[PDB]
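Neighbour counts are summed over all protein chains in view; Cβ atoms, including those assigned to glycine, are modelled from backbone coordinates with ideal geometry. Where a number appears in this text, it was derived from the coordinates with a stated rule and is not lab data.
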Amino acid sequence: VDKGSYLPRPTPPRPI
Amino acid sequence: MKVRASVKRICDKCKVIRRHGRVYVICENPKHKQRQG
Amino acid sequence: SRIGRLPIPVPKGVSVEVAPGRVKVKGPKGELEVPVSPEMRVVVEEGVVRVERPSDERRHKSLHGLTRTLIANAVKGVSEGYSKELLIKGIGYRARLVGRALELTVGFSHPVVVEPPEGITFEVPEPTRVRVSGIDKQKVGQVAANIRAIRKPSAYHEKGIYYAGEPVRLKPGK
Amino acid sequence: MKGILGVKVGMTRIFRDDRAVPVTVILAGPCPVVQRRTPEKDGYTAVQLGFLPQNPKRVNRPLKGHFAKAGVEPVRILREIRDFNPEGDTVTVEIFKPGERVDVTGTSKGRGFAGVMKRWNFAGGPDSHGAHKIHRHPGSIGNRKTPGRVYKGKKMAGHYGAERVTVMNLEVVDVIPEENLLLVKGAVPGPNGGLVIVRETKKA
Amino acid sequence: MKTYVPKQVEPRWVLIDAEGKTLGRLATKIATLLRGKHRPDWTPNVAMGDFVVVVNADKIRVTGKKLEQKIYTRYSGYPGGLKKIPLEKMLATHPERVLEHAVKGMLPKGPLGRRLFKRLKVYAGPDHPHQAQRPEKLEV
RNA sequence: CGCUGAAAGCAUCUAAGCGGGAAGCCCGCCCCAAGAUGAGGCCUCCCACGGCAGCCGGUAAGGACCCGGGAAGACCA
RNA sequence: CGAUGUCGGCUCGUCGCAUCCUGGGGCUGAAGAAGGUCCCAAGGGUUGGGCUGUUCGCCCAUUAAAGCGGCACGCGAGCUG
Ligand SMILES: [Mg+2]
Ligand SMILES: [Mg+2]
Ligand SMILES: [Mg+2]
Ligand SMILES: [Mg+2]
Ligand SMILES: [Mg+2]
Ligand SMILES: [Mg+2]
Ligand SMILES: [Mg+2]
Ligand SMILES: [Mg+2]
Ligand SMILES: [Mg+2]
Ligand SMILES: [Mg+2]
Ligand SMILES: [Mg+2]
Ligand SMILES: [Mg+2]
Ligand SMILES: [Mg+2]
Ligand SMILES: [Mg+2]
Ligand SMILES: [Mg+2]
Ligand SMILES: [Mg+2]
Ligand SMILES: [Mg+2]
Ligand SMILES: [Mg+2]
Ligand SMILES: [Mg+2]
Ligand SMILES: [Mg+2]
Ligand SMILES: [Mg+2]
Ligand SMILES: [Mg+2]
Ligand SMILES: [Mg+2]
Ligand SMILES: [Mg+2]
Ligand SMILES: [Mg+2]
Ligand SMILES: [Mg+2]
Ligand SMILES: [Mg+2]
Ligand SMILES: [Mg+2]
Ligand SMILES: [Mg+2]
Ligand SMILES: [Mg+2]
Ligand SMILES: [Mg+2]
Ligand SMILES: [Mg+2]
Ligand SMILES: [Mg+2]
Ligand SMILES: [Mg+2]
Ligand SMILES: [Mg+2]
Ligand SMILES: [Mg+2]
Ligand SMILES: [Mg+2]
Ligand SMILES: [Mg+2]
Ligand SMILES: [Mg+2]
Ligand SMILES: [Mg+2]
Ligand SMILES: [Mg+2]
Ligand SMILES: [Mg+2]
Ligand SMILES: [Mg+2]
Ligand SMILES: [Mg+2]
Ligand SMILES: [Mg+2]
Ligand SMILES: [Mg+2]
Ligand SMILES: [Mg+2]
Ligand SMILES: [Mg+2]
Ligand SMILES: [Mg+2]
Ligand SMILES: [Mg+2]
Ligand SMILES: [Mg+2]
Ligand SMILES: [Mg+2]
Ligand SMILES: [Mg+2]
Ligand SMILES: [Mg+2]
Ligand SMILES: [Mg+2]
Ligand SMILES: [Mg+2]
Ligand SMILES: [Mg+2]
Ligand SMILES: [Mg+2]
Ligand SMILES: [Mg+2]
Ligand SMILES: [Mg+2]
Ligand SMILES: [Mg+2]
Ligand SMILES: [Mg+2]
Ligand SMILES: [Mg+2]
Ligand SMILES: [Mg+2]
Ligand SMILES: [Mg+2]
Ligand SMILES: [Mg+2]
Ligand SMILES: [Mg+2]
Ligand SMILES: [Mg+2]
Ligand SMILES: [Mg+2]
Ligand SMILES: [Mg+2]
Ligand SMILES: [Mg+2]
Ligand SMILES: [Mg+2]
Ligand SMILES: [Mg+2]
Ligand SMILES: [Mg+2]
Ligand SMILES: [Zn+2]
């Protein structure tokens, strides 16, 4: 059942 | 068999019996046969 | 109003010997062991067995009656014996004796054969009448019930195996 | 509860009543009894059978003594059959007649480290529509925090085969005593050349 | 003055006829004997109780409806792997387990309690193989 | 669903006792399994070796190493 | 909130039982066959397709049946997107 998404779609980690 | 929390006599021919920890009702009329549950 | 206190006539010549927790009962037709509560006293009088109870608590009153009857039945069994008659009803329906065994033709695609257990005797006087006989009342009534169960009375037709003296109660169809 | 040891030799089919009959041929006889197990001595009943003759040069001393006590020439394999006490000192294919039904035990062919699709007939992943390096992978192995672990017994990749397998209720198609041959209809575990046990069947 | 500590003692073997005794009320006593708490030099960190032989375990007794309703339980670790076996059946199959299981639960958990339990020797039926030990019969 | 049967003179499958009764339960089938430390059993083999429930050394029955391989196998086994 | 990735699908299960089927049963306004209704039962089973991102639902063709729920609306360090 569709509800609010609570995170944005994640991107792979930017290099540290 | 009727199974229900309220078991009662239905006709005067109806007999309340306790049998193996349970309340049944027996009648010569099969419709009236009940066990409590 | 009371069974336990009522005494048991013991005919000549059946014997009754009491042991702690049993009474043995012998007669012309054989013997029977009656297991009996340690708590009742079974008392042997002239031509009379009686049972007495230790108090008037419900359990004792309950064991009392049971006990008299249990012995009284044993007594009758070794003297007169016990029997039950079964009638067969319905067109195809028949009984015949195959040696010591009871063969039943009652509408199945096969006949049903009942072997007598020890102490039980089967007799077919006519072919729609069966007689179960023995000295043990429970055993008799039981084997009787077994045979009847092979084909209970139908609810719509005088058809099936019946106890003698069992009323035919049918209901309508359409 | 008769039984015998044998080697699987291979399959063919025979023609019987205008029918092709798939068969496995087993060399079974002759099996010298080399110890009897009894209730008084051993606590249960069975026969230790031997099979295939061995080079005495290869039989160490504790083994030789065992054979000696039976007056039995040395043999490559010893295996018991349970609840079987034959009259003779020797068991041969003759204990079976065509038409009887048997169970055969073999050691199955060994597949080594096997994937989930070969081992457990798992479905695998898609081959396109975006499947990323998961074409033969098992999928999920669990739930989340409850229960937070994997069931004992969960089907996973691992070794598969080279195990004891018993195929049951096989028809005996022929027996050829002059060559110690038992022809059983169907398939028997293991490779050609592998050891098998042929027992009377427990099916009815 | 420091409290007395016993040097190692020779343990005493004891024999108990379980027949007709009430399972639980026998088990507590067996436990005491195994801990060694009948002994005035009781020391809690050494095994210094008796070895206990019990016979006729199959003839243990139980009150109420427990033969039918008391359920022993075993978990295998596998899905659906909780086996429930009732007293009746346990007596009919491994009768000595009934006493064994009851005494075990009345011993301490830990390395010592486990060791104490090995000192219990329970037999169904009137005989036992510990003749060499000449176990002293105890009424309890 | 019964048999027998009181309390409760009748009746009652129940209070004593006995029966029938499910693809379900226990056994039975197939596989693992004595690290089952509660470490089971049987058959066979070796032997009561030297120097000083311990150590050092040479052996026994046996085992490993190495090698040729294997419908066994990732190495290992 | 110095991060417990969020629908659906796939994969892989596992459990509950208020049972969809299969087994046992009582009552039936149960003649039979077929139903209804309640009780016991969770061992196993519980199909393929059109539409739509759908879950759901409707529909086609079958079926003994085409069960309902829980497992972070089970499962993105397993995939999809
Ligand atoms: Mg990042
Ligand atoms: Mg009402
Ligand atoms: Mg009224
Ligand atoms: Mg009545
Ligand atoms: Mg007299
Ligand atoms: Mg008096
Ligand atoms: Mg043994
Ligand atoms: Mg093998
Ligand atoms: Mg391989
Ligand atoms: Mg795979
Ligand atoms: Mg496979
Ligand atoms: Mg495949
Ligand atoms: Mg697939
Ligand atoms: Mg594929
Ligand atoms: Mg796809
Ligand atoms: Mg991608
Ligand atoms: Mg790819
Ligand atoms: Mg998650
Ligand atoms: Mg957990
Ligand atoms: Mg392997
Ligand atoms: Mg032929
Ligand atoms: Mg091959
Ligand atoms: Mg004491
Ligand atoms: Mg303390
Ligand atoms: Mg045992
Ligand atoms: Mg404890
Ligand atoms: Mg603690
Ligand atoms: Mg009646
Ligand atoms: Mg009666
Ligand atoms: Mg009255
Ligand atoms: Mg009773
Ligand atoms: Mg019963
Ligand atoms: Mg019956
Ligand atoms: Mg079946
Ligand atoms: Mg094995
Ligand atoms: Mg071992
Ligand atoms: Mg083993
Ligand atoms: Mg343990
Ligand atoms: Mg061993
Ligand atoms: Mg090598
Ligand atoms: Mg190699
Ligand atoms: Mg947050
Ligand atoms: Mg953090
Ligand atoms: Mg973080
Ligand atoms: Mg996380
Ligand atoms: Mg589910
Ligand atoms: Mg239910
Ligand atoms: Mg049904
Ligand atoms: Mg009908
Ligand atoms: Mg109608
Ligand atoms: Mg009609
Ligand atoms: Mg119905
Ligand atoms: Mg009902
Ligand atoms: Mg189920
Ligand atoms: Mg299940
Ligand atoms: Mg289900
Ligand atoms: Mg299209
Ligand atoms: Mg679609
Ligand atoms: Mg849809
Ligand atoms: Mg919709
Ligand atoms: Mg149907
Ligand atoms: Mg569908
Ligand atoms: Mg989710
Ligand atoms: Mg919620
Ligand atoms: Mg779900
Ligand atoms: Mg998810
Ligand atoms: Mg992802
Ligand atoms: Mg997802
Ligand atoms: Mg995850
Ligand atoms: Mg993750
Ligand atoms: Mg993950
Ligand atoms: Mg994670
Ligand atoms: Mg994956
Ligand atoms: Mg998008
Ligand atoms: Zn009525």
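Observations on the structure shown:
- Residues of region E:17-61 satisfying the condition of being more than 15 Å from E:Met106 (Cβ to Cβ), away from ligand 25 (no atom under 16 Å from the Cβ) and not in a loop (DSSP other than H, G, I, E, B): E:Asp17, E:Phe51, E:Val53, E:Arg61
- C:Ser109 being within 21 Å of C:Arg148 (Cα to Cα) and out of contact with any helix residue (DSSP H, G or I) (no Cβ under 8 Å at 6 or more places or on another chain): yes
- Filter result (farther than 23 Å from C:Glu166 by Cβ, within 15 Å of ligand 2 (Cβ to nearest atom) and assigned to a loop (DSSP other than H, G, I, E, B)) within region B:2-37: B:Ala5, B:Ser6, B:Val7, B:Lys8, B:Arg9, B:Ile10, B:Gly37
- If you go through region D:166-204 and keep only what is closer than 12 Å to D:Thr107 by Cβ and of a type in the set (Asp, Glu), you end up with nothing.
- Residue match in region D:110-123 (condition: surrounded by 11 or more Cβ atoms within 10 Å (Cβ to Cβ), within 16 Å of ligand 22 (Cβ to nearest atom) and farther than 30 Å from D:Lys57 by Cα): yes
- When D:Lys64 is tested against (1) in contact with a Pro (Cβ under 9 Å, 6 or more places away or on another chain); (2) charged (D, E, K, R); (3) loosely packed, with under 11 Cβ neighbours inside 10 Å, exactly one condition is not met: (3).
- Of all residues in region C:151-161, one or more are surrounded by 15 or more Cβ atoms within 10 Å (Cβ to Cβ) and either β-branched (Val, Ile, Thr) or touching a helix residue (DSSP H, G or I) at 6+ places or on another chain (Cβ under 8 Å) (or both).
- Among the residues listed as C:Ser133, C:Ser109, C:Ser154, the single one being within 13 Å of the chain's Cα centre (by Cα) and among the polar types (S, T, N, Q): C:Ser133
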